[PDB]
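Asks: Provided herewith is a single structure, encoded as structure tokens, for subsequent inquiry.
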Amino acid sequence: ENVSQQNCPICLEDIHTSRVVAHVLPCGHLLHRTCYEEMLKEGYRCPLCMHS
Ligand SMILES: [Zn+2]
Ligand SMILES: [Zn+2]
């Protein structure tokens, strides 16, 4: 399984290490701008913490 290539669990979309487009969460996770709003809206436990 291609786990070496990251994905956005916030909405099952694509994601990459480049944080110029992807906003950095203060816990070190990346998500596209809109998804930063979506996630921060909930303030829920960051699922990305399971994958690194
Ligand atoms: Zn997303
Ligand atoms: Zn985290």
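By order in the structure tokens, chains are A, B, ...; within a chain, residues start at 1; ligands start at 1, following the order shown.
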Using only C-alpha atoms and all ligand atoms, I'd like a table of the residues in chain A that come within 7 Å of ligand 1; for each, show the closest atom pair and its distance in Å rounded to one decimal, ordered by chain and ascending number, as CSV.
Replies:
```
residue,atom,partner,partner_atom_place_in_ligand_line,distance
A:8,CA,ligand 1,1 (Zn),4.9
A:9,CA,ligand 1,1 (Zn),6.5
A:10,CA,ligand 1,1 (Zn),4.5
A:11,CA,ligand 1,1 (Zn),4.3
A:12,CA,ligand 1,1 (Zn),6.3
A:13,CA,ligand 1,1 (Zn),5.4
A:31,CA,ligand 1,1 (Zn),6.0
A:32,CA,ligand 1,1 (Zn),6.1
A:35,CA,ligand 1,1 (Zn),4.8
```
Asks: Suppose we keep N, CA and C atoms; can you now write the selection as a CSV table (one decimal), in the first residue's frame?
Replies:
```csv
chain,number,residue,atom,x,y,z
A,8,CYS,N,-5.1,13.5,2.8
A,8,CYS,CA,-5.9,14.3,3.8
A,8,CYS,C,-7.0,13.5,4.4
A,9,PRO,N,-6.9,13.1,5.7
A,9,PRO,CA,-8.0,12.3,6.3
A,9,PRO,C,-9.2,13.2,6.6
A,10,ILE,N,-9.0,14.5,6.6
A,10,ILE,CA,-10.0,15.5,6.9
A,10,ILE,C,-11.2,15.4,5.9
A,11,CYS,N,-10.9,14.9,4.7
A,11,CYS,CA,-11.9,14.8,3.7
A,11,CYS,C,-11.5,13.8,2.6
A,12,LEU,N,-10.6,13.0,2.9
A,12,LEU,CA,-10.2,11.9,2.0
A,12,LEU,C,-9.7,12.5,0.6
A,13,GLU,N,-9.0,13.6,0.7
A,13,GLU,CA,-8.3,14.2,-0.5
A,13,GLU,C,-6.8,14.0,-0.5
A,31,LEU,N,-2.8,20.6,6.2
A,31,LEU,CA,-4.1,20.5,5.6
A,31,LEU,C,-4.4,21.7,4.7
A,32,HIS,N,-5.0,21.6,3.6
A,32,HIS,CA,-5.3,22.7,2.7
A,32,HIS,C,-6.1,23.7,3.4
A,35,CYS,N,-9.7,23.2,4.6
A,35,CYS,CA,-9.7,22.1,5.6
A,35,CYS,C,-9.2,22.6,6.9
```
Asks: Just want the residues within 12 Å of ligand 2, written as a ChimeraX atom specification, counting only C-alpha atoms and all ligand atoms.
Replies: /A:24-30,39,43-52
Asks: Those same residues - C-alpha atoms - I'd like them written as an mmCIF file, in the first residue's frame.
Replies:
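The new file out.cif reads:
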```cif
data_model
loop_
_atom_site.group_PDB
_atom_site.id
_atom_site.type_symbol
_atom_site.label_atom_id
_atom_site.label_comp_id
_atom_site.auth_asym_id
_atom_site.auth_seq_id
_atom_site.Cartn_x
_atom_site.Cartn_y
_atom_site.Cartn_z
ATOM 1 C CA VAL A 24 0.403 23.879 9.282
ATOM 2 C CA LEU A 25 -1.546 22.924 12.408
ATOM 3 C CA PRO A 26 0.264 23.807 15.698
ATOM 4 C CA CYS A 27 0.568 20.042 16.281
ATOM 5 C CA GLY A 28 2.646 19.712 13.099
ATOM 6 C CA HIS A 29 -0.042 18.441 10.690
ATOM 7 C CA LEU A 30 -0.786 19.737 7.201
ATOM 8 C CA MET A 39 -10.829 21.015 11.191
ATOM 9 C CA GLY A 43 -11.339 21.294 17.313
ATOM 10 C CA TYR A 44 -11.481 17.506 17.483
ATOM 11 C CA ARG A 45 -8.583 15.118 18.170
ATOM 12 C CA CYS A 46 -6.156 15.360 15.239
ATOM 13 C CA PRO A 47 -6.394 11.988 13.379
ATOM 14 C CA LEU A 48 -3.160 12.696 11.473
ATOM 15 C CA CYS A 49 -1.397 11.941 14.786
ATOM 16 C CA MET A 50 -1.774 8.219 13.905
ATOM 17 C CA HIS A 51 0.214 8.509 10.657
ATOM 18 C CA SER A 52 3.762 9.839 10.309
#
```
Asks: Taking only chain A into account, list the residues labelled strand (DSSP E) by DSSP (computed from the backbone), as a PyMOL selection string.
Replies: chain A and resi 7-8+13-14+22-24+30-32
Asks: Write the selection just made, keeping N, CA, C and O atoms, as a short mmCIF file (atom, residue, chain, number, x, y, z; two decimals), in the first residue's frame?
Replies:
```cif
data_model
loop_
_atom_site.label_atom_id
_atom_site.label_comp_id
_atom_site.auth_asym_id
_atom_site.auth_seq_id
_atom_site.Cartn_x
_atom_site.Cartn_y
_atom_site.Cartn_z
N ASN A 7 -2.05 11.61 2.50
CA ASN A 7 -3.41 11.98 2.10
C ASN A 7 -4.04 12.84 3.19
O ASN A 7 -3.55 12.90 4.32
N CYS A 8 -5.11 13.53 2.84
CA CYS A 8 -5.86 14.32 3.81
C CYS A 8 -7.02 13.49 4.38
O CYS A 8 -8.02 13.27 3.70
N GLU A 13 -8.97 13.61 0.68
CA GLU A 13 -8.35 14.20 -0.50
C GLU A 13 -6.84 13.97 -0.48
O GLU A 13 -6.32 13.31 0.42
N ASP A 14 -6.13 14.53 -1.45
CA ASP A 14 -4.67 14.41 -1.54
C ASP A 14 -3.99 15.41 -0.60
O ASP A 14 -4.63 16.36 -0.12
N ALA A 22 -0.52 24.04 1.90
CA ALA A 22 -1.12 23.37 3.05
C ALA A 22 -0.77 24.11 4.34
O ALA A 22 0.40 24.30 4.65
N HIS A 23 -1.80 24.52 5.08
CA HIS A 23 -1.60 25.24 6.34
C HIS A 23 -1.12 24.27 7.42
O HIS A 23 -1.61 23.14 7.51
N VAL A 24 -0.16 24.71 8.22
CA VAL A 24 0.40 23.88 9.28
C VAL A 24 -0.39 24.04 10.58
O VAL A 24 -0.51 25.15 11.11
N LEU A 30 -0.51 18.92 8.36
CA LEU A 30 -0.79 19.74 7.20
C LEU A 30 -2.20 19.50 6.68
O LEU A 30 -2.71 18.37 6.72
N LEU A 31 -2.83 20.57 6.21
CA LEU A 31 -4.15 20.51 5.58
C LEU A 31 -4.36 21.74 4.70
O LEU A 31 -3.91 22.83 5.06
N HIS A 32 -5.00 21.56 3.55
CA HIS A 32 -5.33 22.69 2.68
C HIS A 32 -6.15 23.74 3.45
O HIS A 32 -6.85 23.41 4.41
#
```
Asks: Where in chain A does DSSP assign helix (DSSP H, G or I), given as number ranges by chain?
Replies: A: 33-42, 47-50
Asks: Between CA of residue 2 (chain A) and CA of residue 37 (chain A), what is the distance, to one decimal in Å?
Replies: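 Computing the Euclidean distance for CA of residue 2 (chain A) and CA of residue 37 (chain A) yields 27.5 Å.
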